Amino acid sequence: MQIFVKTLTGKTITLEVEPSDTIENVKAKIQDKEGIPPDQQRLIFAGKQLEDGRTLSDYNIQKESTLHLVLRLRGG
Amino acid sequence: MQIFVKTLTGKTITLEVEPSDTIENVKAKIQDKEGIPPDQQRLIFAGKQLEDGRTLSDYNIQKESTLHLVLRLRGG
Amino acid sequence: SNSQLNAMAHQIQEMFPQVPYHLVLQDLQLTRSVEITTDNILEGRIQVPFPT
């Protein structure tokens, strides 16, 4: 199924994922697409964070769901 | 890009800079306006002390960002 | 000018559909970066809407 990952820059990344996909794997795909380390990848859905040890079915994520990718840093 | 440098007095100065600009040049720009020696110009960005021989891109400074200008007196 | 600060907050408001906009606009003047604001929101920088 198709999902829409939105960034703080206003970018809408379209990724191909399935219910059996893992949240960690999704972040890995984004790392290959934009080049953002998993440490700086915070996936938020409806205001809550998704655990890496969960699937899209665990959060009842259906088709055309919008994923909020929160950018971050720990430098200063 | 335009940045906002706030002085200890509360005064705010808007400067025209770019990521490719150096911190030292920023001091020269302030010196050209307010007439404050670059040696007494201690620029701090959210806790990060800006080094003269550094680029604005090295501190990831964006537009409309507020910078702190601390004045140094009595010292070598 | 608050032209960029407001714009940045507007984007964050879409990422977190549960945070008060007036508070996001406030943090934007303290952090001045979406990379810090949005992240710090999860940490506990901005006071979440608690029934009071």
# chains A, B, ... in the order shown; residues from 1 in each chain; ligands from 1

$ interface_residues --of "chain C" --to "chain B" --cutoff "9 Å" --atoms "only C-alpha atoms" --output "NGL selection string"
:C and (1-5 or 29-33)

$ calpha_fit_and_write --fixed "chain B" --moving "chain A" --output "PDB file with N, CA, C and O atoms, in the first residue's frame"
ATOM      1  N   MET A   1      19.499  36.147   3.834  1.00  0.00           N
ATOM      2  CA  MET A   1      18.448  35.971   4.861  1.00  0.00           C
ATOM      3  C   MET A   1      18.628  36.997   5.976  1.00  0.00           C
ATOM      4  O   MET A   1      19.685  37.622   6.090  1.00  0.00           O
ATOM      5  N   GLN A   2      17.597  37.168   6.791  1.00  0.00           N
ATOM      6  CA  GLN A   2      17.637  38.134   7.879  1.00  0.00           C
ATOM      7  C   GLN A   2      17.881  37.457   9.221  1.00  0.00           C
ATOM      8  O   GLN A   2      17.339  36.384   9.499  1.00  0.00           O
ATOM      9  N   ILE A   3      18.705  38.094  10.037  1.00  0.00           N
ATOM     10  CA  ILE A   3      19.017  37.592  11.369  1.00  0.00           C
ATOM     11  C   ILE A   3      18.789  38.692  12.394  1.00  0.00           C
ATOM     12  O   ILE A   3      18.827  39.880  12.059  1.00  0.00           O
ATOM     13  N   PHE A   4      18.554  38.304  13.636  1.00  0.00           N
ATOM     14  CA  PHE A   4      18.308  39.269  14.697  1.00  0.00           C
ATOM     15  C   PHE A   4      19.394  39.200  15.756  1.00  0.00           C
ATOM     16  O   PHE A   4      19.461  38.245  16.527  1.00  0.00           O
ATOM     17  N   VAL A   5      20.255  40.207  15.778  1.00  0.00           N
ATOM     18  CA  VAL A   5      21.336  40.262  16.750  1.00  0.00           C
ATOM     19  C   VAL A   5      20.897  41.080  17.954  1.00  0.00           C
ATOM     20  O   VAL A   5      20.599  42.270  17.828  1.00  0.00           O
ATOM     21  N   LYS A   6      20.846  40.444  19.111  1.00  0.00           N
ATOM     22  CA  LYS A   6      20.423  41.120  20.328  1.00  0.00           C
ATOM     23  C   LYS A   6      21.623  41.511  21.176  1.00  0.00           C
ATOM     24  O   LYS A   6      22.606  40.772  21.266  1.00  0.00           O
ATOM     25  N   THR A   7      21.539  42.684  21.787  1.00  0.00           N
ATOM     26  CA  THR A   7      22.601  43.181  22.641  1.00  0.00           C
ATOM     27  C   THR A   7      22.153  43.180  24.098  1.00  0.00           C
ATOM     28  O   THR A   7      20.975  42.962  24.394  1.00  0.00           O
ATOM     29  N   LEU A   8      23.086  43.441  25.006  1.00  0.00           N
ATOM     30  CA  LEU A   8      22.780  43.479  26.433  1.00  0.00           C
ATOM     31  C   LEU A   8      21.998  44.740  26.787  1.00  0.00           C
ATOM     32  O   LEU A   8      21.502  44.882  27.902  1.00  0.00           O
ATOM     33  N   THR A   9      21.890  45.654  25.832  1.00  0.00           N
ATOM     34  CA  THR A   9      21.170  46.897  26.043  1.00  0.00           C
ATOM     35  C   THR A   9      19.696  46.751  25.668  1.00  0.00           C
ATOM     36  O   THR A   9      18.879  47.624  25.966  1.00  0.00           O
ATOM     37  N   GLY A  10      19.369  45.634  25.028  1.00  0.00           N
ATOM     38  CA  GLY A  10      18.003  45.384  24.608  1.00  0.00           C
ATOM     39  C   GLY A  10      17.762  45.828  23.180  1.00  0.00           C
ATOM     40  O   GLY A  10      16.621  46.017  22.761  1.00  0.00           O
ATOM     41  N   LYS A  11      18.842  45.985  22.434  1.00  0.00           N
ATOM     42  CA  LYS A  11      18.765  46.418  21.049  1.00  0.00           C
ATOM     43  C   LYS A  11      18.712  45.212  20.120  1.00  0.00           C
ATOM     44  O   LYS A  11      19.399  44.215  20.341  1.00  0.00           O
ATOM     45  N   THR A  12      17.886  45.306  19.090  1.00  0.00           N
ATOM     46  CA  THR A  12      17.739  44.231  18.123  1.00  0.00           C
ATOM     47  C   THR A  12      18.220  44.693  16.751  1.00  0.00           C
ATOM     48  O   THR A  12      17.493  45.368  16.018  1.00  0.00           O
ATOM     49  N   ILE A  13      19.450  44.337  16.419  1.00  0.00           N
ATOM     50  CA  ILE A  13      20.047  44.725  15.151  1.00  0.00           C
ATOM     51  C   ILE A  13      19.725  43.711  14.061  1.00  0.00           C
ATOM     52  O   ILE A  13      19.989  42.515  14.209  1.00  0.00           O
ATOM     53  N   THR A  14      19.142  44.194  12.977  1.00  0.00           N
ATOM     54  CA  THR A  14      18.791  43.346  11.852  1.00  0.00           C
ATOM     55  C   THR A  14      19.886  43.397  10.793  1.00  0.00           C
ATOM     56  O   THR A  14      20.168  44.455  10.224  1.00  0.00           O
ATOM     57  N   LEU A  15      20.507  42.259  10.531  1.00  0.00           N
ATOM     58  CA  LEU A  15      21.579  42.201   9.551  1.00  0.00           C
ATOM     59  C   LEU A  15      21.245  41.246   8.415  1.00  0.00           C
ATOM     60  O   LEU A  15      20.524  40.260   8.599  1.00  0.00           O
ATOM     61  N   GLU A  16      21.769  41.554   7.242  1.00  0.00           N
ATOM     62  CA  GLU A  16      21.558  40.736   6.065  1.00  0.00           C
ATOM     63  C   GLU A  16      22.759  39.821   5.856  1.00  0.00           C
ATOM     64  O   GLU A  16      23.861  40.286   5.549  1.00  0.00           O
ATOM     65  N   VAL A  17      22.560  38.527   6.051  1.00  0.00           N
ATOM     66  CA  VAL A  17      23.635  37.559   5.886  1.00  0.00           C
ATOM     67  C   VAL A  17      23.144  36.345   5.107  1.00  0.00           C
ATOM     68  O   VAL A  17      21.942  36.158   4.936  1.00  0.00           O
ATOM     69  N   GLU A  18      24.074  35.528   4.642  1.00  0.00           N
ATOM     70  CA  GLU A  18      23.746  34.328   3.883  1.00  0.00           C
ATOM     71  C   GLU A  18      24.553  33.150   4.418  1.00  0.00           C
ATOM     72  O   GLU A  18      25.536  33.354   5.120  1.00  0.00           O
ATOM     73  N   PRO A  19      24.144  31.904   4.114  1.00  0.00           N
ATOM     74  CA  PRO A  19      24.851  30.697   4.574  1.00  0.00           C
ATOM     75  C   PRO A  19      26.359  30.723   4.300  1.00  0.00           C
ATOM     76  O   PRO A  19      27.147  30.171   5.068  1.00  0.00           O
ATOM     77  N   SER A  20      26.755  31.378   3.211  1.00  0.00           N
ATOM     78  CA  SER A  20      28.164  31.463   2.833  1.00  0.00           C
ATOM     79  C   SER A  20      28.911  32.547   3.608  1.00  0.00           C
ATOM     80  O   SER A  20      30.130  32.683   3.473  1.00  0.00           O
ATOM     81  N   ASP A  21      28.194  33.314   4.415  1.00  0.00           N
ATOM     82  CA  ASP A  21      28.811  34.383   5.188  1.00  0.00           C
ATOM     83  C   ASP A  21      29.674  33.801   6.296  1.00  0.00           C
ATOM     84  O   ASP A  21      29.437  32.685   6.768  1.00  0.00           O
ATOM     85  N   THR A  22      30.667  34.560   6.717  1.00  0.00           N
ATOM     86  CA  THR A  22      31.578  34.109   7.749  1.00  0.00           C
ATOM     87  C   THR A  22      31.290  34.824   9.062  1.00  0.00           C
ATOM     88  O   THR A  22      30.932  36.002   9.065  1.00  0.00           O
ATOM     89  N   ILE A  23      31.448  34.110  10.173  1.00  0.00           N
ATOM     90  CA  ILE A  23      31.201  34.673  11.499  1.00  0.00           C
ATOM     91  C   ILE A  23      32.024  35.945  11.723  1.00  0.00           C
ATOM     92  O   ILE A  23      31.544  36.908  12.323  1.00  0.00           O
ATOM     93  N   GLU A  24      33.258  35.949  11.228  1.00  0.00           N
ATOM     94  CA  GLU A  24      34.127  37.112  11.368  1.00  0.00           C
ATOM     95  C   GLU A  24      33.554  38.298  10.599  1.00  0.00           C
ATOM     96  O   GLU A  24      33.559  39.431  11.087  1.00  0.00           O
ATOM     97  N   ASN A  25      33.035  38.019   9.409  1.00  0.00           N
ATOM     98  CA  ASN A  25      32.454  39.051   8.559  1.00  0.00           C
ATOM     99  C   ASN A  25      31.227  39.658   9.228  1.00  0.00           C
ATOM    100  O   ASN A  25      30.994  40.862   9.146  1.00  0.00           O
ATOM    101  N   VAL A  26      30.447  38.814   9.897  1.00  0.00           N
ATOM    102  CA  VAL A  26      29.251  39.273  10.600  1.00  0.00           C
ATOM    103  C   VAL A  26      29.635  40.283  11.678  1.00  0.00           C
ATOM    104  O   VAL A  26      28.995  41.329  11.818  1.00  0.00           O
ATOM    105  N   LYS A  27      30.704  39.981  12.409  1.00  0.00           N
ATOM    106  CA  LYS A  27      31.185  40.865  13.464  1.00  0.00           C
ATOM    107  C   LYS A  27      31.677  42.186  12.873  1.00  0.00           C
ATOM    108  O   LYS A  27      31.513  43.249  13.475  1.00  0.00           O
ATOM    109  N   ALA A  28      32.273  42.112  11.688  1.00  0.00           N
ATOM    110  CA  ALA A  28      32.765  43.305  11.011  1.00  0.00           C
ATOM    111  C   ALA A  28      31.608  44.236  10.668  1.00  0.00           C
ATOM    112  O   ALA A  28      31.725  45.458  10.773  1.00  0.00           O
ATOM    113  N   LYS A  29      30.484  43.649  10.270  1.00  0.00           N
ATOM    114  CA  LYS A  29      29.299  44.421   9.927  1.00  0.00           C
ATOM    115  C   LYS A  29      28.778  45.156  11.157  1.00  0.00           C
ATOM    116  O   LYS A  29      28.386  46.320  11.078  1.00  0.00           O
ATOM    117  N   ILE A  30      28.797  44.478  12.300  1.00  0.00           N
ATOM    118  CA  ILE A  30      28.335  45.070  13.548  1.00  0.00           C
ATOM    119  C   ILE A  30      29.266  46.212  13.966  1.00  0.00           C
ATOM    120  O   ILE A  30      28.824  47.214  14.537  1.00  0.00           O
ATOM    121  N   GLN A  31      30.549  46.065  13.655  1.00  0.00           N
ATOM    122  CA  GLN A  31      31.539  47.086  13.974  1.00  0.00           C
ATOM    123  C   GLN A  31      31.256  48.361  13.177  1.00  0.00           C
ATOM    124  O   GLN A  31      31.475  49.470  13.657  1.00  0.00           O
ATOM    125  N   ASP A  32      30.752  48.192  11.962  1.00  0.00           N
ATOM    126  CA  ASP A  32      30.427  49.326  11.100  1.00  0.00           C
ATOM    127  C   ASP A  32      29.085  49.944  11.492  1.00  0.00           C
ATOM    128  O   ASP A  32      28.855  51.136  11.298  1.00  0.00           O
ATOM    129  N   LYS A  33      28.212  49.122  12.063  1.00  0.00           N
ATOM    130  CA  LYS A  33      26.883  49.574  12.466  1.00  0.00           C
ATOM    131  C   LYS A  33      26.886  50.284  13.822  1.00  0.00           C
ATOM    132  O   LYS A  33      26.431  51.424  13.927  1.00  0.00           O
ATOM    133  N   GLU A  34      27.379  49.608  14.856  1.00  0.00           N
ATOM    134  CA  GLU A  34      27.391  50.179  16.204  1.00  0.00           C
ATOM    135  C   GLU A  34      28.743  50.789  16.559  1.00  0.00           C
ATOM    136  O   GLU A  34      28.817  51.784  17.285  1.00  0.00           O
ATOM    137  N   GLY A  35      29.811  50.194  16.058  1.00  0.00           N
ATOM    138  CA  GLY A  35      31.135  50.700  16.354  1.00  0.00           C
ATOM    139  C   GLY A  35      31.785  49.958  17.500  1.00  0.00           C
ATOM    140  O   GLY A  35      32.464  50.555  18.333  1.00  0.00           O
ATOM    141  N   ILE A  36      31.564  48.656  17.549  1.00  0.00           N
ATOM    142  CA  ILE A  36      32.134  47.827  18.597  1.00  0.00           C
ATOM    143  C   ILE A  36      33.262  46.971  18.028  1.00  0.00           C
ATOM    144  O   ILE A  36      33.046  46.194  17.097  1.00  0.00           O
ATOM    145  N   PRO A  37      34.490  47.135  18.550  1.00  0.00           N
ATOM    146  CA  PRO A  37      35.657  46.371  18.097  1.00  0.00           C
ATOM    147  C   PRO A  37      35.422  44.862  18.185  1.00  0.00           C
ATOM    148  O   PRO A  37      34.746  44.392  19.100  1.00  0.00           O
ATOM    149  N   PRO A  38      35.977  44.086  17.235  1.00  0.00           N
ATOM    150  CA  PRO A  38      35.815  42.622  17.203  1.00  0.00           C
ATOM    151  C   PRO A  38      36.237  41.948  18.510  1.00  0.00           C
ATOM    152  O   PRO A  38      35.736  40.878  18.856  1.00  0.00           O
ATOM    153  N   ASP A  39      37.150  42.587  19.236  1.00  0.00           N
ATOM    154  CA  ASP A  39      37.649  42.054  20.506  1.00  0.00           C
ATOM    155  C   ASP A  39      36.547  42.042  21.559  1.00  0.00           C
ATOM    156  O   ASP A  39      36.529  41.189  22.448  1.00  0.00           O
ATOM    157  N   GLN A  40      35.626  42.985  21.439  1.00  0.00           N
ATOM    158  CA  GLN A  40      34.528  43.114  22.382  1.00  0.00           C
ATOM    159  C   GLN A  40      33.252  42.490  21.838  1.00  0.00           C
ATOM    160  O   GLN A  40      32.171  42.660  22.403  1.00  0.00           O
ATOM    161  N   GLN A  41      33.384  41.761  20.747  1.00  0.00           N
ATOM    162  CA  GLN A  41      32.245  41.119  20.120  1.00  0.00           C
ATOM    163  C   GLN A  41      32.292  39.610  20.312  1.00  0.00           C
ATOM    164  O   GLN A  41      33.095  38.921  19.686  1.00  0.00           O
ATOM    165  N   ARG A  42      31.448  39.102  21.191  1.00  0.00           N
ATOM    166  CA  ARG A  42      31.384  37.671  21.431  1.00  0.00           C
ATOM    167  C   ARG A  42      30.023  37.148  21.001  1.00  0.00           C
ATOM    168  O   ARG A  42      29.020  37.355  21.680  1.00  0.00           O
ATOM    169  N   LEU A  43      29.996  36.493  19.847  1.00  0.00           N
ATOM    170  CA  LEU A  43      28.757  35.958  19.297  1.00  0.00           C
ATOM    171  C   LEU A  43      28.418  34.604  19.905  1.00  0.00           C
ATOM    172  O   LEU A  43      29.162  33.630  19.746  1.00  0.00           O
ATOM    173  N   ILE A  44      27.297  34.560  20.603  1.00  0.00           N
ATOM    174  CA  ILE A  44      26.822  33.347  21.239  1.00  0.00           C
ATOM    175  C   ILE A  44      25.508  32.900  20.599  1.00  0.00           C
ATOM    176  O   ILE A  44      24.648  33.718  20.275  1.00  0.00           O
ATOM    177  N   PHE A  45      25.379  31.603  20.387  1.00  0.00           N
ATOM    178  CA  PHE A  45      24.183  31.038  19.799  1.00  0.00           C
ATOM    179  C   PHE A  45      23.715  29.850  20.624  1.00  0.00           C
ATOM    180  O   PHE A  45      24.425  28.849  20.744  1.00  0.00           O
ATOM    181  N   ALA A  46      22.542  29.996  21.233  1.00  0.00           N
ATOM    182  CA  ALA A  46      21.942  28.946  22.057  1.00  0.00           C
ATOM    183  C   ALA A  46      22.807  28.601  23.272  1.00  0.00           C
ATOM    184  O   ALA A  46      22.617  27.562  23.902  1.00  0.00           O
ATOM    185  N   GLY A  47      23.757  29.474  23.602  1.00  0.00           N
ATOM    186  CA  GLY A  47      24.611  29.236  24.751  1.00  0.00           C
ATOM    187  C   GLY A  47      26.031  28.847  24.380  1.00  0.00           C
ATOM    188  O   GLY A  47      26.868  28.643  25.255  1.00  0.00           O
ATOM    189  N   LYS A  48      26.311  28.742  23.087  1.00  0.00           N
ATOM    190  CA  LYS A  48      27.643  28.370  22.630  1.00  0.00           C
ATOM    191  C   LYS A  48      28.211  29.433  21.703  1.00  0.00           C
ATOM    192  O   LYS A  48      27.464  30.116  21.010  1.00  0.00           O
ATOM    193  N   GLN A  49      29.530  29.572  21.695  1.00  0.00           N
ATOM    194  CA  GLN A  49      30.186  30.567  20.854  1.00  0.00           C
ATOM    195  C   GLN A  49      30.435  30.029  19.454  1.00  0.00           C
ATOM    196  O   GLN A  49      30.664  28.832  19.269  1.00  0.00           O
ATOM    197  N   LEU A  50      30.387  30.922  18.476  1.00  0.00           N
ATOM    198  CA  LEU A  50      30.613  30.555  17.088  1.00  0.00           C
ATOM    199  C   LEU A  50      32.055  30.853  16.698  1.00  0.00           C
ATOM    200  O   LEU A  50      32.569  31.941  16.977  1.00  0.00           O
ATOM    201  N   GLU A  51      32.709  29.889  16.067  1.00  0.00           N
ATOM    202  CA  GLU A  51      34.092  30.064  15.644  1.00  0.00           C
ATOM    203  C   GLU A  51      34.146  30.906  14.372  1.00  0.00           C
ATOM    204  O   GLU A  51      33.309  30.752  13.482  1.00  0.00           O
ATOM    205  N   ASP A  52      35.134  31.792  14.295  1.00  0.00           N
ATOM    206  CA  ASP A  52      35.300  32.680  13.142  1.00  0.00           C
ATOM    207  C   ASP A  52      35.542  31.893  11.862  1.00  0.00           C
ATOM    208  O   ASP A  52      35.118  32.303  10.784  1.00  0.00           O
ATOM    209  N   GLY A  53      36.203  30.753  11.993  1.00  0.00           N
ATOM    210  CA  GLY A  53      36.489  29.923  10.838  1.00  0.00           C
ATOM    211  C   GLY A  53      35.343  28.990  10.498  1.00  0.00           C
ATOM    212  O   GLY A  53      35.559  27.846  10.099  1.00  0.00           O
ATOM    213  N   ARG A  54      34.119  29.474  10.666  1.00  0.00           N
ATOM    214  CA  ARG A  54      32.933  28.684  10.374  1.00  0.00           C
ATOM    215  C   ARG A  54      31.890  29.538   9.667  1.00  0.00           C
ATOM    216  O   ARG A  54      31.952  30.770   9.703  1.00  0.00           O
ATOM    217  N   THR A  55      30.946  28.877   9.026  1.00  0.00           N
ATOM    218  CA  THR A  55      29.875  29.559   8.329  1.00  0.00           C
ATOM    219  C   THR A  55      28.576  29.371   9.096  1.00  0.00           C
ATOM    220  O   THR A  55      28.541  28.653  10.098  1.00  0.00           O
ATOM    221  N   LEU A  56      27.509  29.999   8.631  1.00  0.00           N
ATOM    222  CA  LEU A  56      26.217  29.882   9.290  1.00  0.00           C
ATOM    223  C   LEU A  56      25.653  28.477   9.106  1.00  0.00           C
ATOM    224  O   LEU A  56      24.858  27.995   9.916  1.00  0.00           O
ATOM    225  N   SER A  57      26.095  27.812   8.046  1.00  0.00           N
ATOM    226  CA  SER A  57      25.653  26.457   7.747  1.00  0.00           C
ATOM    227  C   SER A  57      26.290  25.450   8.704  1.00  0.00           C
ATOM    228  O   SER A  57      25.713  24.398   8.979  1.00  0.00           O
ATOM    229  N   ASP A  58      27.467  25.792   9.227  1.00  0.00           N
ATOM    230  CA  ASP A  58      28.189  24.916  10.151  1.00  0.00           C
ATOM    231  C   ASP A  58      27.422  24.742  11.453  1.00  0.00           C
ATOM    232  O   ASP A  58      27.581  23.745  12.154  1.00  0.00           O
ATOM    233  N   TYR A  59      26.593  25.725  11.779  1.00  0.00           N
ATOM    234  CA  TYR A  59      25.804  25.680  13.000  1.00  0.00           C
ATOM    235  C   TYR A  59      24.324  25.513  12.680  1.00  0.00           C
ATOM    236  O   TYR A  59      23.473  25.634  13.561  1.00  0.00           O
ATOM    237  N   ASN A  60      24.034  25.235  11.407  1.00  0.00           N
ATOM    238  CA  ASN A  60      22.662  25.036  10.934  1.00  0.00           C
ATOM    239  C   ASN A  60      21.778  26.239  11.270  1.00  0.00           C
ATOM    240  O   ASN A  60      20.638  26.083  11.718  1.00  0.00           O
ATOM    241  N   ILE A  61      22.310  27.435  11.063  1.00  0.00           N
ATOM    242  CA  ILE A  61      21.568  28.654  11.340  1.00  0.00           C
ATOM    243  C   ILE A  61      20.585  28.936  10.209  1.00  0.00           C
ATOM    244  O   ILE A  61      20.984  29.200   9.074  1.00  0.00           O
ATOM    245  N   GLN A  62      19.301  28.861  10.526  1.00  0.00           N
ATOM    246  CA  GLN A  62      18.253  29.081   9.545  1.00  0.00           C
ATOM    247  C   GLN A  62      17.805  30.540   9.525  1.00  0.00           C
ATOM    248  O   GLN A  62      18.445  31.414  10.114  1.00  0.00           O
ATOM    249  N   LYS A  63      16.699  30.789   8.839  1.00  0.00           N
ATOM    250  CA  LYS A  63      16.145  32.128   8.713  1.00  0.00           C
ATOM    251  C   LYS A  63      15.566  32.624  10.037  1.00  0.00           C
ATOM    252  O   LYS A  63      15.085  31.833  10.848  1.00  0.00           O
ATOM    253  N   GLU A  64      15.634  33.940  10.244  1.00  0.00           N
ATOM    254  CA  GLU A  64      15.092  34.585  11.439  1.00  0.00           C
ATOM    255  C   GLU A  64      15.728  34.075  12.731  1.00  0.00           C
ATOM    256  O   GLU A  64      15.105  34.112  13.789  1.00  0.00           O
ATOM    257  N   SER A  65      16.965  33.611  12.654  1.00  0.00           N
ATOM    258  CA  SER A  65      17.652  33.119  13.836  1.00  0.00           C
ATOM    259  C   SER A  65      18.127  34.284  14.703  1.00  0.00           C
ATOM    260  O   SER A  65      18.568  35.313  14.188  1.00  0.00           O
ATOM    261  N   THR A  66      18.017  34.125  16.015  1.00  0.00           N
ATOM    262  CA  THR A  66      18.431  35.162  16.944  1.00  0.00           C
ATOM    263  C   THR A  66      19.871  34.938  17.401  1.00  0.00           C
ATOM    264  O   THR A  66      20.221  33.860  17.877  1.00  0.00           O
ATOM    265  N   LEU A  67      20.703  35.955  17.235  1.00  0.00           N
ATOM    266  CA  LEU A  67      22.099  35.874  17.631  1.00  0.00           C
ATOM    267  C   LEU A  67      22.323  36.680  18.901  1.00  0.00           C
ATOM    268  O   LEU A  67      21.882  37.827  19.004  1.00  0.00           O
ATOM    269  N   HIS A  68      22.992  36.077  19.871  1.00  0.00           N
ATOM    270  CA  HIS A  68      23.258  36.744  21.134  1.00  0.00           C
ATOM    271  C   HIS A  68      24.647  37.378  21.130  1.00  0.00           C
ATOM    272  O   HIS A  68      25.659  36.679  21.121  1.00  0.00           O
ATOM    273  N   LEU A  69      24.694  38.700  21.114  1.00  0.00           N
ATOM    274  CA  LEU A  69      25.963  39.408  21.117  1.00  0.00           C
ATOM    275  C   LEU A  69      26.359  39.777  22.539  1.00  0.00           C
ATOM    276  O   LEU A  69      25.779  40.677  23.147  1.00  0.00           O
ATOM    277  N   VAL A  70      27.331  39.057  23.069  1.00  0.00           N
ATOM    278  CA  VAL A  70      27.810  39.297  24.415  1.00  0.00           C
ATOM    279  C   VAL A  70      28.872  40.392  24.430  1.00  0.00           C
ATOM    280  O   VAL A  70      29.915  40.277  23.778  1.00  0.00           O
ATOM    281  N   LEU A  71      28.581  41.463  25.157  1.00  0.00           N
ATOM    282  CA  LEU A  71      29.507  42.577  25.286  1.00  0.00           C
ATOM    283  C   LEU A  71      30.575  42.221  26.307  1.00  0.00           C
ATOM    284  O   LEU A  71      30.331  41.412  27.203  1.00  0.00           O
ATOM    285  N   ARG A  72      31.751  42.818  26.183  1.00  0.00           N
ATOM    286  CA  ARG A  72      32.843  42.512  27.096  1.00  0.00           C
ATOM    287  C   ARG A  72      33.887  43.622  27.118  1.00  0.00           C
ATOM    288  O   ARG A  72      33.787  44.604  26.381  1.00  0.00           O
ATOM    289  N   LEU A  73      34.887  43.440  27.975  1.00  0.00           N
ATOM    290  CA  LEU A  73      35.991  44.375  28.117  1.00  0.00           C
ATOM    291  C   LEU A  73      37.113  43.713  28.906  1.00  0.00           C
ATOM    292  O   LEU A  73      36.879  42.739  29.624  1.00  0.00           O
ATOM    293  N   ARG A  74      38.325  44.222  28.762  1.00  0.00           N
ATOM    294  CA  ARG A  74      39.470  43.663  29.469  1.00  0.00           C
ATOM    295  C   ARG A  74      40.256  44.754  30.186  1.00  0.00           C
ATOM    296  O   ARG A  74      41.411  44.552  30.565  1.00  0.00           O
ATOM    297  N   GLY A  75      39.621  45.902  30.380  1.00  0.00           N
ATOM    298  CA  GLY A  75      40.271  47.011  31.052  1.00  0.00           C
ATOM    299  C   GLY A  75      40.341  46.819  32.555  1.00  0.00           C
ATOM    300  O   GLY A  75      41.417  46.604  33.114  1.00  0.00           O
ATOM    301  N   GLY A  76      39.195  46.891  33.215  1.00  0.00           N
ATOM    302  CA  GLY A  76      39.148  46.723  34.651  1.00  0.00           C
ATOM    303  C   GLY A  76      37.971  47.453  35.246  1.00  0.00           C
ATOM    304  O   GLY A  76      37.589  47.156  36.400  1.00  0.00           O
TER     305      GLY A  76
END

$ select_by_dssp --residues "chain A" --states "strand (DSSP E)" --output "JSON list (two decimals) with C-alpha atoms, in the first residue's frame"
[["chain", "number", "residue", "atom", "x", "y", "z"],
["A", 2, "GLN", "CA", 1.01, 3.65, -0.37],
["A", 3, "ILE", "CA", 1.74, 6.00, 2.51],
["A", 4, "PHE", "CA", 2.49, 9.71, 2.66],
["A", 5, "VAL", "CA", 5.43, 10.74, 4.82],
["A", 6, "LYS", "CA", 5.48, 14.47, 5.50],
["A", 12, "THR", "CA", 5.62, 14.57, 0.84],
["A", 13, "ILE", "CA", 7.53, 11.32, 0.42],
["A", 14, "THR", "CA", 5.57, 8.44, -1.07],
["A", 15, "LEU", "CA", 6.72, 5.05, 0.17],
["A", 16, "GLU", "CA", 5.58, 1.53, -0.62],
["A", 41, "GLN", "CA", 14.02, 10.01, 12.37],
["A", 42, "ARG", "CA", 11.06, 10.30, 14.71],
["A", 43, "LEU", "CA", 7.91, 8.82, 13.21],
["A", 44, "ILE", "CA", 4.77, 10.32, 14.69],
["A", 45, "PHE", "CA", 1.22, 9.25, 13.91],
["A", 48, "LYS", "CA", 1.97, 9.56, 19.05],
["A", 49, "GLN", "CA", 5.27, 7.84, 18.27],
["A", 66, "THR", "CA", -0.18, 10.24, 6.47],
["A", 67, "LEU", "CA", 2.98, 9.75, 8.51],
["A", 68, "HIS", "CA", 4.54, 12.67, 10.37],
["A", 69, "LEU", "CA", 8.33, 12.57, 10.25],
["A", 70, "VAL", "CA", 9.69, 14.73, 13.04],
["A", 71, "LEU", "CA", 13.21, 15.99, 12.37]]

$ select_by_dssp --residues "chain C" --states "alpha helix (DSSP H)" --output "count of residues only"
30

$ atom_distance --atom1 "CA of residue 43 (chain C)" --atom2 "CA of residue 10 (chain C)"
19.8 Å
